[PDB]
Structures are given as C-alpha cells and as structure tokens.
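Commentary on secondary and tertiary structure
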Amino acid sequence: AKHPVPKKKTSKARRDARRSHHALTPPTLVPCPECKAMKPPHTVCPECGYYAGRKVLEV
Amino acid sequence: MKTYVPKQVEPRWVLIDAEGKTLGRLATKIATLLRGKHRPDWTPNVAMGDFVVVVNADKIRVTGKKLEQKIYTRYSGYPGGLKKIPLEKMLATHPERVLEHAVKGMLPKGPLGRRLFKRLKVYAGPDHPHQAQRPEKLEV
Amino acid sequence: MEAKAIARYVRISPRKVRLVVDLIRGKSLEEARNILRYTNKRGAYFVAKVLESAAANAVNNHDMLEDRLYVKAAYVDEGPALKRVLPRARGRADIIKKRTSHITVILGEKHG
Amino acid sequence: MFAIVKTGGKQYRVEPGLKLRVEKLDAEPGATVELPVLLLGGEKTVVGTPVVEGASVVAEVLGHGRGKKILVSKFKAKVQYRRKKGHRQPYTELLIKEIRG
Amino acid sequence: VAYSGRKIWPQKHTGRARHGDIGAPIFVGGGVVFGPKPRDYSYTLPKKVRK
Amino acid sequence: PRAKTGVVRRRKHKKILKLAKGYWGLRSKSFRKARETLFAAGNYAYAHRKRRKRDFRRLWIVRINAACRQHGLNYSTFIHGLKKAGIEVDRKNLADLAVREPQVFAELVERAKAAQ
Amino acid sequence: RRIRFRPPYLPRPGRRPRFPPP
RNA sequence: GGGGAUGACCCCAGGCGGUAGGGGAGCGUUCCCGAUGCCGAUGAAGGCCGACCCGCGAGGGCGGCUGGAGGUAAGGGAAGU
RNA sequence: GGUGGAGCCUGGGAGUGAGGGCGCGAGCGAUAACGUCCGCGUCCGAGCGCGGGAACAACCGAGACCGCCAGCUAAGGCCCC
RNA sequence: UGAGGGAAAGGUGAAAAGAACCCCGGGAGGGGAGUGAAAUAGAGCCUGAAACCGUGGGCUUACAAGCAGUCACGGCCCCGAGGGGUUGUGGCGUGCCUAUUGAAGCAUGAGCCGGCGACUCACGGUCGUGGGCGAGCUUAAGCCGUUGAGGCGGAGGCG
Ligand SMILES: [Mg+2]
Ligand SMILES: [Mg+2]
Ligand SMILES: [Mg+2]
Ligand SMILES: [Mg+2]
Ligand SMILES: [Mg+2]
Ligand SMILES: [Mg+2]
Ligand SMILES: [Mg+2]
Ligand SMILES: [Mg+2]
Ligand SMILES: [Mg+2]
Ligand SMILES: [Mg+2]
Ligand SMILES: [Mg+2]
Ligand SMILES: [Mg+2]
Ligand SMILES: [Mg+2]
Ligand SMILES: [Mg+2]
Ligand SMILES: [Mg+2]
Ligand SMILES: [Mg+2]
Ligand SMILES: [Mg+2]
Ligand SMILES: [Mg+2]
Ligand SMILES: [Mg+2]
Ligand SMILES: [Mg+2]
Ligand SMILES: [Mg+2]
Ligand SMILES: [Mg+2]
Ligand SMILES: [Mg+2]
Ligand SMILES: [Mg+2]
Ligand SMILES: [Mg+2]
Ligand SMILES: [Mg+2]
Ligand SMILES: [Mg+2]
Ligand SMILES: [Mg+2]
Ligand SMILES: [Mg+2]
Ligand SMILES: [Mg+2]
Ligand SMILES: [Mg+2]
Ligand SMILES: [Mg+2]
Ligand SMILES: [Mg+2]
Ligand SMILES: [Mg+2]
Ligand SMILES: [Mg+2]
Ligand SMILES: [Mg+2]
Ligand SMILES: [Mg+2]
Ligand SMILES: [Mg+2]
Ligand SMILES: [Mg+2]
Ligand SMILES: [Mg+2]
Ligand SMILES: [Mg+2]
Ligand SMILES: [Mg+2]
Ligand SMILES: [Mg+2]
Ligand SMILES: [Mg+2]
Ligand SMILES: [Mg+2]
Ligand SMILES: [Mg+2]
Ligand SMILES: [Mg+2]
Ligand SMILES: [Mg+2]
Ligand SMILES: [Mg+2]
Ligand SMILES: [Mg+2]
Ligand SMILES: [Mg+2]
Ligand SMILES: [Mg+2]
Ligand SMILES: [Mg+2]
Ligand SMILES: [Mg+2]
Ligand SMILES: [Mg+2]
Ligand SMILES: [Mg+2]
Ligand SMILES: [Mg+2]
Ligand SMILES: [Mg+2]
Ligand SMILES: [Mg+2]
Ligand SMILES: [Mg+2]
Ligand SMILES: [Mg+2]
Ligand SMILES: [Mg+2]
Ligand SMILES: [Mg+2]
Ligand SMILES: [Mg+2]
Ligand SMILES: [Mg+2]
Ligand SMILES: [Mg+2]
Ligand SMILES: [Mg+2]
Ligand SMILES: [Mg+2]
Ligand SMILES: [Mg+2]
Ligand SMILES: [Mg+2]
Ligand SMILES: [Mg+2]
Ligand SMILES: [Mg+2]
Ligand SMILES: [Mg+2]
Ligand SMILES: [Mg+2]
Ligand SMILES: [Mg+2]
Ligand SMILES: [Mg+2]
Ligand SMILES: [Mg+2]
Ligand SMILES: [Mg+2]
Ligand SMILES: [Mg+2]
Ligand SMILES: [Mg+2]
Ligand SMILES: [Mg+2]
Ligand SMILES: [Mg+2]
Ligand SMILES: [Mg+2]
Ligand SMILES: [Mg+2]
Ligand SMILES: [Mg+2]
Ligand SMILES: [Mg+2]
Ligand SMILES: [Mg+2]
Ligand SMILES: [Mg+2]
Ligand SMILES: [Mg+2]
Ligand SMILES: [Mg+2]
Ligand SMILES: [Mg+2]
Ligand SMILES: [Mg+2]
Ligand SMILES: [Mg+2]
Ligand SMILES: [Mg+2]
Ligand SMILES: [Mg+2]
Ligand SMILES: [Mg+2]
Ligand SMILES: [Mg+2]
Ligand SMILES: [Mg+2]
Ligand SMILES: [Mg+2]
Ligand SMILES: [Mg+2]
Ligand SMILES: [Mg+2]
Ligand SMILES: [Mg+2]
Ligand SMILES: [Mg+2]
Ligand SMILES: [Mg+2]
Ligand SMILES: [Mg+2]
Ligand SMILES: [Mg+2]
Ligand SMILES: [Mg+2]
Ligand SMILES: [Mg+2]
Ligand SMILES: [Mg+2]
Ligand SMILES: [Mg+2]
Ligand SMILES: [Mg+2]
Ligand SMILES: [Mg+2]
Ligand SMILES: [Mg+2]
Ligand SMILES: [Mg+2]
Ligand SMILES: [Mg+2]
Ligand SMILES: [Mg+2]
Ligand SMILES: [Mg+2]
Ligand SMILES: [Mg+2]
Ligand SMILES: [Mg+2]
Ligand SMILES: [Mg+2]
Ligand SMILES: [Mg+2]
Ligand SMILES: [Mg+2]
Ligand SMILES: [Mg+2]
Ligand SMILES: [Mg+2]
Ligand SMILES: [Mg+2]
Ligand SMILES: [Mg+2]
Ligand SMILES: [Mg+2]
Ligand SMILES: [Mg+2]
Ligand SMILES: [Mg+2]
Ligand SMILES: [Mg+2]
Ligand SMILES: [Mg+2]
Ligand SMILES: [Mg+2]
Ligand SMILES: [Mg+2]
Ligand SMILES: [Mg+2]
Ligand SMILES: [Mg+2]
Ligand SMILES: [Mg+2]
Ligand SMILES: [Mg+2]
Ligand SMILES: [Mg+2]
Ligand SMILES: [Mg+2]
Ligand SMILES: [Mg+2]
Ligand SMILES: [Mg+2]
Ligand SMILES: [Mg+2]
Ligand SMILES: [Mg+2]
Ligand SMILES: [Mg+2]
Ligand SMILES: [Mg+2]
Ligand SMILES: [Mg+2]
Ligand SMILES: [Mg+2]
Ligand SMILES: [Mg+2]
Ligand SMILES: [Mg+2]
Ligand SMILES: [Mg+2]
Ligand SMILES: [Mg+2]
Ligand SMILES: [Mg+2]
Ligand SMILES: [Mg+2]
Ligand SMILES: [Mg+2]
Ligand SMILES: [Mg+2]
Ligand SMILES: [Mg+2]
Ligand SMILES: [Mg+2]
Ligand SMILES: [Mg+2]
Ligand SMILES: [Mg+2]
Ligand SMILES: [Mg+2]
Ligand SMILES: [Mg+2]
Ligand SMILES: [Mg+2]
Ligand SMILES: [Mg+2]
Ligand SMILES: [Mg+2]
Ligand SMILES: [Mg+2]
Ligand SMILES: [Mg+2]
Ligand SMILES: [Mg+2]
Ligand SMILES: [Mg+2]
Ligand SMILES: [Mg+2]
Ligand SMILES: [Zn+2]
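Residue labels here follow a simple count from 1 along each chain's written sequence instead of the entry's numbering, which may differ, and residues missing coordinates are not shown. By the order in which they are written, chains take letters starting at A while ligands take numbers starting at 1. Remark: the chains included constitute part of a larger assembly, and values are reported for the included chains only. Side-chain numbers come from the whole structure's heavy atoms, not from hydrogens or water. Residues with missing side-chain atoms are left out of burial classes, side-chain pairs and their counts.

Per the deposited record, X-ray crystallography is how this structure was determined, to a resolution of 3.2000 Å.

Looking now at the protein's contact with RNA strand I. Proximity is defined per residue: any heavy atom of the residue falling within 4 Å of a molecule or strand makes that residue near it. Around RNA strand I there are 32 residues in total, and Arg35 and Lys37 of chain B together with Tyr46, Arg49 and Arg52 of chain F lie nearest to it. Of everything in RNA strand I that lies within 4 Å of the protein, sugar and phosphate atoms constitute 77%. Distance and chemistry together define a polar contact, namely a pair of N or O atoms within 3.5 Å, with one atom able to donate a hydrogen and the other to accept it when in protein, and with adjacent residues in sequence counting only for side-chain atoms on both sides. Note that a sugar or linking oxygen of RNA strand I is positioned 3.1 Å from one of the side-chain N or O atoms of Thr28 of chain B. Contact between RNA strand I and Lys37 of chain B: a phosphate oxygen at 2.3 Å from a side-chain N or O atom of the residue. Numbering of helices and strands starts at the N terminus; helices are DSSP runs of H or I of at least 4 residues and strands are runs of E of at least 2. Contributions of two or more residues to the surface near RNA strand I are made by α1 (23–35) of chain B, β7 (70–76) and β8 (81–87) of chain D together with α3 (31–70) and α5 (91–100) of chain F. For the surface near RNA strand I, the element with the highest residue contribution is α3 of chain F, accounting for eight residues.

Moving on to the protein's contact with RNA strand J. Around RNA strand J there are 77 residues in total, and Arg15 of chain A, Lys78 of chain D, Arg50 of chain E together with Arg9 and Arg52 of chain F lie nearest to it. Counting only the atoms of RNA strand J within 4 Å of the protein, the fraction contributed by sugar and phosphate is 75%. For RNA strand J, a phosphate oxygen lies 2.6 Å from a polar atom in the backbone of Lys47 of chain E. In the model, a phosphate oxygen of RNA strand J is placed 3.5 Å from a nitrogen or oxygen of the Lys14 of chain F side chain. Here the surface near RNA strand J takes 13 residues from α3 of chain F, the largest share from any one element.

A word on the packing of α3 of chain F against α5 of chain F. Residue and element names in this part refer to chain F. The interhelical angle for the contact between α3 and α5, taken along N-to-C directions, is 45°, at an axis separation of 9 Å. Classified by the angle between their axes, α3 and α5 sit oblique to one another. Crossing angle aside, the handedness with which α3 passes α5 is left-handed. Each of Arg57, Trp60, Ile61, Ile64 and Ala67 in α3 lies in contact with α5, whose residues at this interface are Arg91, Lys92, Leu94, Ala95 and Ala98. Counted by class, the contact of α3 with α5 contains seven nonpolar, no polar and three charged residues. The axes used here are C-alpha line fits, helices contributing only the stretch in contact, and every angle between their N-to-C directions lies in the interval 0 to 180 degrees. Here roughly perpendicular refers to angles of 65 to 115 degrees, roughly parallel to angles under 35, roughly antiparallel to angles over 145, and oblique to all remaining angles. Rotating anticlockwise by less than a right angle from the far helix to the near helix defines a left-handed crossing, while the corresponding clockwise rotation defines a right-handed one. Contacts are residue-level and defined by heavy atoms, with any inter-residue pair within 4.5 Å sufficient. Each residue gets one of three labels, nonpolar for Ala, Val, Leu, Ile, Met, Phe, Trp, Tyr, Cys and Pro, charged for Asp, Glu, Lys and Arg, and polar for the others, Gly among them.

As structure tokens, then:
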C-alpha cells in the first residue's frame, strides 16, 4: 500500500459540487389530534402525552 | 459601417430525390444547404440554413467496388468491440444511414454542426411525412 | 421593520450549524420553532436560542407582533478558531481546529 | 440615395445625415470636405470605373479624436520577454452633408 | 546577530529546505545583507574650489 | 535609511487583479495565476486583432459568392469580372450591397460578366 | 523473453524514517 | 537630410523579431536641503471603488466612499529602493 | 562599382567557450541509428511570433513597431469539414 | 540529562464618560436604553489590505470536450448613435519559472495570500566623466574656530 494522496487541490467549485447532496430534509411532523401541537407521527405526543386517543404518559 | 447580421429568419424546407445520385457528391451539396452557405446573408454562428428532406435513399448510387468494400465502422468501448459493417449490408438494413453518415461527416463538428445535422430529414422510399411543411423540390 | 439576534463565538463548527440554519431560513417563526425542536443535531439547540432571542427582541423592543414574525435572513459566519494539538504516531503532532460559529437570525414581519 | 466613398484607405457607404469616424483627415474641425465616389445607388445606380468623374460626397468635419486605448501586449514564454504598449488610434468624425451626384 | 551556529535541521531527508543557522539573511529576524554601517561621508573638496 | 516594500507591492498586484476580473477561479482571485492568465490574453488579442481582419473577409467572400451564384456565375469569375471592369468596390461593401441592395449587386454582376 | 540477465537498477526498499522534524 | 538655425516644432526619407549580453531614457519606495515655509478636521497618510483625464510604459491626476493627523512641491542630494 | 547598424584605429563593458536539425563533401559505423567526427552552407538556438506542411524547434513561404470590419501576393490550395 | 538552545506577544477614546436599567438566554452572546465628535472606537477595541468562509441580488448553466482565455455576433440586466456586467454560438489557442540542442510537456520549483528575502561598502586600482587649478597639482595626522561655519597645516604624494 503506498499512501495515496490527492494529486491536485480540490477547487471551491468542485467541493461544493460534491456537497450538492448534503442538504437536510426537515423533520416530518404532524398535528397531535388532542393538543393540536405538532409532532413526529407515530410517536407518543410529548406535549400532551396522548397516543391513539388515550393518555400514555405523564408529561 | 459594420457588417450586416440577419434578424431571425424563417427557414425554407427543400426536398431532394436521392435516387441514383452519386452518394458523396450529393452529400456535399446537402451540407451547403444545411450550413446556409447558399444564402447571401450567411452567418457562421447561427442555424440559418435550410432543412433538407431527402427521399429514396435506398436508391443512392456508388462507384467502383464500394458496395462490397466500403466498411462503416463502430467502436463499443469494450475489448474486441470494433464493428465493421460493409456498405452492401448497411443499405440492406438501414439504408437511410448511408446518406446520413455521409452528410454528418461533412458538416462542422461542434454544437452548431450537430444541430445542423438535426435539420436533415432522410428517408427510404419515395414518401416522406413533412407534407405540412410543403417542402420545395430541388434538382441538384 | 426587522429585528435580529446574534450568538457570537458559539463553539460548534460553522459547516455543521449552517446545515441547521439552512432548514429554517424564510419560514414562519412558528414553523422554524417546530422544525428545530424535531431536528436531530446539536446545532438545532443553538439556532433555537438565536431564533428565540431574536423574536424576543422583535416583540419587546421593536413593536413587531409574534404572530407576524418570519425568518427574514439568517446565516452562520465563522469566528476565531480554537487550535489544539492532536498527537499522532511516530512522534508527530497534528493540529485540530475546534472551529467556531457566529450564528445570526434576522426576523421580519409578514404583512397581512 | 447613398454613396460608397473611400477615405483612409477604406471604403464606407454613406447617406446624408450620417456621422462617421474615419482615419484622421487634415482639415480644421468645422471645415467641409469632399470624398471620392465609387458607386451611387438608390434611385439611380452609377458604377465607378473605379471612381465616378462627376460625383463627390460632401462631409463636414465634426472634429478629431483618439480612440479608446487598446493594450498591445507581448509575451514570450521562458525568456523574460514581456512588453506593454498603450495605443489609441487617431480618427476624424464626419457628418455627411450631401451626395453631389 | 544574536543566534547560535547550529544547523537547525539536517542537510538531507527532512522534506523541508536546507538551512544553516537562523541568522542567515534568508530568515526573518536573521541578519541583514549589505545594510548600512557606521560611515564617514566627508571628503576633501579642493581648497581652491571652496575659495 | 530603510525603504521596506511599503505599499508598493499591494498596489502593483491590485492593478493586475483588476485586469483579471471575470476570469474563472484563482484566475481572477490569485495574483500569480491572474498574471499568467493575462500574458495569455495579451498575446491572444494581439493575434486576434490580426486575424479579425481574416475572419471578416472570409465571411464577406462566403457571402458575395452566395450572391454571385444566384446570378449564374461563381465567385472567382465575379472578381475577375470586376478586375477587368475596373470596379474597385471592396469585399466589405460588395457584401453589404449583396444584401441591402440586390439590384446594385445585380448590376455589378452584369458588368462583371461583360468584362469578358 | 530476455537472456542477458537483467540486474536491478534499484535497491529493494527500504531503510529508516527521518522522524521527526520537531 | 531639409526648414526653424543648436530641441522651438514642422516636413521628407529610412531603421525598429530577439536569448547571453552592451548601451540609453525614465517611473516608483525611504530618508536630507528646499522648510520658522506650504497643504491639512471645510479632513494627512493609509484603505476601497472608478467605464474619467494625462502618460508608450513604469506611473501620475481627478472624483466618490472610508480614514481621523499627518503630508510635504519645483530643483537637487543620499540609499536597507 | 559599392555610403553600408559598412570598414579600419584606440580604448570601456561583456557574454560564449554543452550546441542542434537539414542540404552538400568525406571519414568513422553496417552504402544502420532522432549514430558519431570534420568541412561548406543554412536555419532553430535567440524567430516554441505569423501562412503552409492533419498535428510537429530547425521541410516550403516569410524576418512580427502600433492600429484598420481596406487591397495584392507567397508556399500551399479551390467537392464538403 | 547537561553545556546549551530560545520564542511569540505594542496601539479603545480627548476624556472611562468602560455602557445603570429593561428584554431573550444556565450562561456566552445579543437586542434596546445610556456615553461619545465617532461605538463596524465596545474592550475578541486605531487603521483594518489579501488569501479564506458566508448571505442577498444580476447574467448564466443539466447533448457538453476544457491552459479556461481572446476576437466576433446575438440574448438578458444595469447606467444615462454611448458604455458596463453576463455568456449562447462561432473563430483562434500546448500554463509560469527554471533549466536545456530541444518542454504543454509525463524534466525542476511552486497549496493560496500577506509580509522578510539576494550585486554592497572601505581601501587601493583602471578607464570614462563633471568641474578646479595647470609645470604644476594636492595636502595626511594634527591645530584653531563652529557647535549642522569653516579655516590652518607642505610632512608627504603624484608630475
Ligand atoms: Mg492504497
Ligand atoms: Mg500492510
Ligand atoms: Mg507513506
Ligand atoms: Mg494513505
Ligand atoms: Mg499525487
Ligand atoms: Mg477551496
Ligand atoms: Mg461557493
Ligand atoms: Mg467533486
Ligand atoms: Mg394528526
Ligand atoms: Mg446548390
Ligand atoms: Mg430501416
Ligand atoms: Mg476547426
Ligand atoms: Mg433531522
Ligand atoms: Mg416572547
Ligand atoms: Mg517527541
Ligand atoms: Mg512518543
Ligand atoms: Mg492544514
Ligand atoms: Mg488544522
Ligand atoms: Mg486611399
Ligand atoms: Mg487615423
Ligand atoms: Mg478609425
Ligand atoms: Mg513557460
Ligand atoms: Mg507557450
Ligand atoms: Mg521567462
Ligand atoms: Mg529556449
Ligand atoms: Mg518571458
Ligand atoms: Mg499587463
Ligand atoms: Mg552570535
Ligand atoms: Mg550569543
Ligand atoms: Mg543567545
Ligand atoms: Mg558558529
Ligand atoms: Mg558549527
Ligand atoms: Mg555555519
Ligand atoms: Mg553551535
Ligand atoms: Mg537537501
Ligand atoms: Mg515534500
Ligand atoms: Mg516542504
Ligand atoms: Mg522550508
Ligand atoms: Mg538544513
Ligand atoms: Mg541558514
Ligand atoms: Mg546564524
Ligand atoms: Mg536579511
Ligand atoms: Mg525578533
Ligand atoms: Mg534583526
Ligand atoms: Mg532583531
Ligand atoms: Mg552579505
Ligand atoms: Mg556588510
Ligand atoms: Mg567611522
Ligand atoms: Mg563613496
Ligand atoms: Mg576626509
Ligand atoms: Mg514594506
Ligand atoms: Mg522588500
Ligand atoms: Mg505592499
Ligand atoms: Mg509584484
Ligand atoms: Mg493604496
Ligand atoms: Mg502599482
Ligand atoms: Mg466570464
Ligand atoms: Mg474566481
Ligand atoms: Mg471558483
Ligand atoms: Mg479570494
Ligand atoms: Mg494571429
Ligand atoms: Mg494586430
Ligand atoms: Mg455555377
Ligand atoms: Mg487579381
Ligand atoms: Mg480588386
Ligand atoms: Mg518611421
Ligand atoms: Mg528590438
Ligand atoms: Mg545610446
Ligand atoms: Mg516602488
Ligand atoms: Mg527616482
Ligand atoms: Mg532620517
Ligand atoms: Mg525642516
Ligand atoms: Mg513642517
Ligand atoms: Mg489651511
Ligand atoms: Mg471635525
Ligand atoms: Mg469627510
Ligand atoms: Mg506618501
Ligand atoms: Mg510616510
Ligand atoms: Mg484618501
Ligand atoms: Mg491610479
Ligand atoms: Mg502632530
Ligand atoms: Mg521632499
Ligand atoms: Mg523633489
Ligand atoms: Mg542641492
Ligand atoms: Mg534589500
Ligand atoms: Mg558612418
Ligand atoms: Mg550590424
Ligand atoms: Mg557588426
Ligand atoms: Mg571592444
Ligand atoms: Mg558594464
Ligand atoms: Mg558585466
Ligand atoms: Mg560560456
Ligand atoms: Mg570547455
Ligand atoms: Mg554537446
Ligand atoms: Mg565544446
Ligand atoms: Mg559541432
Ligand atoms: Mg560535438
Ligand atoms: Mg550546422
Ligand atoms: Mg537534392
Ligand atoms: Mg574525409
Ligand atoms: Mg554526409
Ligand atoms: Mg543493408
Ligand atoms: Mg524531429
Ligand atoms: Mg546528432
Ligand atoms: Mg544522418
Ligand atoms: Mg552520417
Ligand atoms: Mg551527441
Ligand atoms: Mg541556450
Ligand atoms: Mg524559421
Ligand atoms: Mg518557427
Ligand atoms: Mg536567426
Ligand atoms: Mg521560447
Ligand atoms: Mg501556431
Ligand atoms: Mg508552422
Ligand atoms: Mg492548418
Ligand atoms: Mg500548420
Ligand atoms: Mg522588422
Ligand atoms: Mg487576388
Ligand atoms: Mg503557386
Ligand atoms: Mg466534420
Ligand atoms: Mg541547539
Ligand atoms: Mg523568530
Ligand atoms: Mg489615546
Ligand atoms: Mg490611552
Ligand atoms: Mg480628539
Ligand atoms: Mg441583563
Ligand atoms: Mg436569565
Ligand atoms: Mg445549572
Ligand atoms: Mg451581558
Ligand atoms: Mg439580543
Ligand atoms: Mg448590550
Ligand atoms: Mg447622543
Ligand atoms: Mg465635524
Ligand atoms: Mg469604519
Ligand atoms: Mg473608528
Ligand atoms: Mg477596529
Ligand atoms: Mg488614533
Ligand atoms: Mg474586524
Ligand atoms: Mg449566490
Ligand atoms: Mg447526440
Ligand atoms: Mg443544452
Ligand atoms: Mg462573423
Ligand atoms: Mg457581448
Ligand atoms: Mg453592451
Ligand atoms: Mg469561445
Ligand atoms: Mg469565422
Ligand atoms: Mg494544452
Ligand atoms: Mg508546441
Ligand atoms: Mg511568469
Ligand atoms: Mg524553477
Ligand atoms: Mg536541470
Ligand atoms: Mg538535462
Ligand atoms: Mg539533455
Ligand atoms: Mg500539460
Ligand atoms: Mg511540470
Ligand atoms: Mg506527456
Ligand atoms: Mg502535467
Ligand atoms: Mg523527475
Ligand atoms: Mg534535474
Ligand atoms: Mg505546504
Ligand atoms: Mg488560494
Ligand atoms: Mg509574497
Ligand atoms: Mg540581486
Ligand atoms: Mg557592483
Ligand atoms: Mg573609480
Ligand atoms: Mg576621476
Ligand atoms: Mg584646484
Ligand atoms: Mg584650464
Ligand atoms: Mg602614492
Ligand atoms: Zn398532544
């Protein structure tokens, strides 16, 4: 193995090019049917503690 | 006084019966029609030439033993990927390619040359679909 | 009428935080707030604070109304980097740049 | 009407009313000159062989100036041969008065 | 200049350039080349010329 | 007395950098690269001032010829025609004539045929 | 296929590393 | 080479690729005489613009922003230029 | 005859003392080498500036002061690129 | 180990008048308020270049082949027979320095930027040159004077 190394500095253009896929997608979030607050779906609502209609958590 | 440049012009559709014409020598003419170089207002940096429709390509003609000996060649990028297809066979399978490939080679390379090629509409057999354009018949 | 806030010398790397800042540029204060809460990144915690300190400023100092607030512009510039030595093998020592961010949020009012 | 006249070693097509820069002529600004005519066209067409004996085009000289500077640069690699020259070509501005057929 | 005579690092095989002591004018804070020295600027202009 | 670089270098560099606007990458950004790029273009233009002359006359000829061939004759014929006629209109104009004034070109063609 | 035995031009690597410089 | 009569400019003609290298003419940097002067908070140096003016060029002007206390002519002199 | 960036004289300053291709004349080599060594010339060197030669220091054309959207030519070209 | 080697690191403002108090924040930081001629002079402080990193705008770009430019035309955008920005097409086009017979070269060096960085000085010599005096020219060390004043000194040296 012989220690590969970059032959040329990578341009400002070419790094940013690579970075075209680095963008985050914002959290996917739904309204909680009980307290109308926004939350990940399929999670127990951390604002009111309800899930599937019932209380599941003290919060 | 600065040289004249055309504003956008509406391109003429011209039609040509290839039948029995000497392949290559028909080919040079089509190119000049294509580039626009028959027009006094010819400008090298824009698509201002004709649209050429050719018909009866199957019935192109050719001198010497070229039918049996002229070999069109395709390279695949793979080992052992040179394809050699002789003119006889070419006409026998995609006759319109023969004039096409001739003309292509005599237009410029580059983006514009590639666009000019797109304006060449070549057909086997007497008939062609561009009735809509009412192409003007040319004897060349 | 705009109102802004800046966290200076926040000791997280600019490249890393910009990602989060990016997610909420041009959003209702409300959406931004939602987005950050459920964004999985240390930077979410900081942008949060600037966003919030900013809105506080908007209402309280600048006569803007919370329900009209949106992220007008926001950005992370880099500050003075913290250099630390990382020991490598064979007697060598590299140098790590524990980098540093100046996060800015600027809120405007969305008319209507 | 128009005329193809020839001044400055070059030939320009003119019409009355035309403002033209040509190669620097020796005439005080405001003076008026006559250019040689080479072809007269429009209503009648007359073809000089090479000039037309009758015609002159009349120009009034609006003034004389210097073009914008063109840097004329010389570089020869591997030799330390480098030269820089600023250049502004003199010219004379003409107004085309009339075509004397 | 104030410095030692030591060769800061070996002649060959460093990856860096060659240097001798750090007094060399090539270094920052190394000595000067051909800078001014104390110096008498006077000469004897011919008496007749002064007169 | 001591005369350290001063301000002189920076200024000298900016002269050049400003000369290099619009150039791609470090070509507009780095003094050294900019300078190199500029030698290029210095020679390029000089050469290209020279060939703009050739660039054009070709167009002209390409054009006059297209106009000649509508009138039955080829280019070289047309020229020789004008040579023998003694018509000294240049290719800049012959070409403008060919477009803006087909009658005049037509008659110019006429005299051209007639010289033989 | 060469007969005249082809001596190496180069020594098989290698000996020692210039560690460190600081 | 003619004019003007000694670089006044003007006119005619010819020369003007160039490495090692010879030669000439200039520009800019620091400092000295000019200077007990002069420019300067109605804005010094310095920085950022400029598609404007002069100059073959090196450069020099002018303008706008910045800067906020220094700069320094013509003619000369010396170099860590 | 020839007034030439000719020639001679005295002086100041150098640089060069690795050359190279091609044509011709030879030697050396194998009537080999993008071989080698001389002589004559040339060009590249320093004309990797321009046209031709597909591309290409030295083959053909030609010695680039600057500018022109003017004209004639050279070698090479004139069916199309 | 030791003998020894041996750095970096200056500047708020005239004056601390060095920002009470409120507001978000654990705090850091910031937004107001206040000071100030000025606060992008706010202490991480004069000026504040460049590389480098962002945000916002204009033009542009996903059938294209490239030492990155240059010449031409066209499109759009800006400032008011013009100009500036941009670049679609078309033409032309083998980085810079070194070193060599010869380099784009697959030969050297260079990540980029800013700063430091190399033909000097003394004494003699030789030639040129601007002056002074000219069968002559000229003083050294010293002495007097001056405190940015110049003079004297003929030993000596060249001829
Ligand atoms: Mg590996
Ligand atoms: Mg292993
Ligand atoms: Mg390794
Ligand atoms: Mg590795
Ligand atoms: Mg590598
Ligand atoms: Mg980069
Ligand atoms: Mg970018
Ligand atoms: Mg990449
Ligand atoms: Mg729901
Ligand atoms: Mg035809
Ligand atoms: Mg078929
Ligand atoms: Mg081509
Ligand atoms: Mg997430
Ligand atoms: Mg609040
Ligand atoms: Mg160690
Ligand atoms: Mg260890
Ligand atoms: Mg690093
Ligand atoms: Mg690091
Ligand atoms: Mg003339
Ligand atoms: Mg002129
Ligand atoms: Mg002109
Ligand atoms: Mg080079
Ligand atoms: Mg080159
Ligand atoms: Mg060089
Ligand atoms: Mg060379
Ligand atoms: Mg050079
Ligand atoms: Mg330049
Ligand atoms: Mg010492
Ligand atoms: Mg010591
Ligand atoms: Mg010491
Ligand atoms: Mg020592
Ligand atoms: Mg020692
Ligand atoms: Mg030593
Ligand atoms: Mg020592
Ligand atoms: Mg070494
Ligand atoms: Mg290395
Ligand atoms: Mg290294
Ligand atoms: Mg080094
Ligand atoms: Mg060493
Ligand atoms: Mg040393
Ligand atoms: Mg030392
Ligand atoms: Mg030094
Ligand atoms: Mg020091
Ligand atoms: Mg020192
Ligand atoms: Mg020191
Ligand atoms: Mg020294
Ligand atoms: Mg010394
Ligand atoms: Mg002394
Ligand atoms: Mg001296
Ligand atoms: Mg003395
Ligand atoms: Mg300096
Ligand atoms: Mg220096
Ligand atoms: Mg400088
Ligand atoms: Mg420089
Ligand atoms: Mg400056
Ligand atoms: Mg400069
Ligand atoms: Mg561009
Ligand atoms: Mg760039
Ligand atoms: Mg870039
Ligand atoms: Mg940059
Ligand atoms: Mg050219
Ligand atoms: Mg030119
Ligand atoms: Mg014909
Ligand atoms: Mg002729
Ligand atoms: Mg003619
Ligand atoms: Mg002359
Ligand atoms: Mg010369
Ligand atoms: Mg001379
Ligand atoms: Mg300077
Ligand atoms: Mg000077
Ligand atoms: Mg001093
Ligand atoms: Mg004084
Ligand atoms: Mg003073
Ligand atoms: Mg005053
Ligand atoms: Mg004031
Ligand atoms: Mg002001
Ligand atoms: Mg100054
Ligand atoms: Mg100063
Ligand atoms: Mg200023
Ligand atoms: Mg300037
Ligand atoms: Mg003062
Ligand atoms: Mg002065
Ligand atoms: Mg002065
Ligand atoms: Mg003086
Ligand atoms: Mg120095
Ligand atoms: Mg003579
Ligand atoms: Mg000579
Ligand atoms: Mg001679
Ligand atoms: Mg001599
Ligand atoms: Mg000398
Ligand atoms: Mg010498
Ligand atoms: Mg030598
Ligand atoms: Mg020798
Ligand atoms: Mg040799
Ligand atoms: Mg020898
Ligand atoms: Mg020889
Ligand atoms: Mg030899
Ligand atoms: Mg020879
Ligand atoms: Mg022969
Ligand atoms: Mg012999
Ligand atoms: Mg021979
Ligand atoms: Mg044999
Ligand atoms: Mg060869
Ligand atoms: Mg040889
Ligand atoms: Mg041979
Ligand atoms: Mg031989
Ligand atoms: Mg040899
Ligand atoms: Mg050489
Ligand atoms: Mg040649
Ligand atoms: Mg050549
Ligand atoms: Mg020569
Ligand atoms: Mg060269
Ligand atoms: Mg070429
Ligand atoms: Mg050639
Ligand atoms: Mg060619
Ligand atoms: Mg060629
Ligand atoms: Mg010449
Ligand atoms: Mg001709
Ligand atoms: Mg011929
Ligand atoms: Mg083609
Ligand atoms: Mg030591
Ligand atoms: Mg040090
Ligand atoms: Mg102070
Ligand atoms: Mg103080
Ligand atoms: Mg004050
Ligand atoms: Mg508080
Ligand atoms: Mg709190
Ligand atoms: Mg706690
Ligand atoms: Mg606080
Ligand atoms: Mg705040
Ligand atoms: Mg505060
Ligand atoms: Mg106040
Ligand atoms: Mg004031
Ligand atoms: Mg400021
Ligand atoms: Mg300030
Ligand atoms: Mg500051
Ligand atoms: Mg101050
Ligand atoms: Mg700052
Ligand atoms: Mg952008
Ligand atoms: Mg395709
Ligand atoms: Mg496309
Ligand atoms: Mg064109
Ligand atoms: Mg354009
Ligand atoms: Mg424009
Ligand atoms: Mg292009
Ligand atoms: Mg063209
Ligand atoms: Mg290339
Ligand atoms: Mg080449
Ligand atoms: Mg260079
Ligand atoms: Mg080198
Ligand atoms: Mg070497
Ligand atoms: Mg070698
Ligand atoms: Mg060699
Ligand atoms: Mg290359
Ligand atoms: Mg290389
Ligand atoms: Mg290669
Ligand atoms: Mg390479
Ligand atoms: Mg190597
Ligand atoms: Mg070597
Ligand atoms: Mg490095
Ligand atoms: Mg860089
Ligand atoms: Mg530097
Ligand atoms: Mg030096
Ligand atoms: Mg010397
Ligand atoms: Mg001497
Ligand atoms: Mg003397
Ligand atoms: Mg005397
Ligand atoms: Mg006398
Ligand atoms: Mg003696
Ligand atoms: Zn809930």
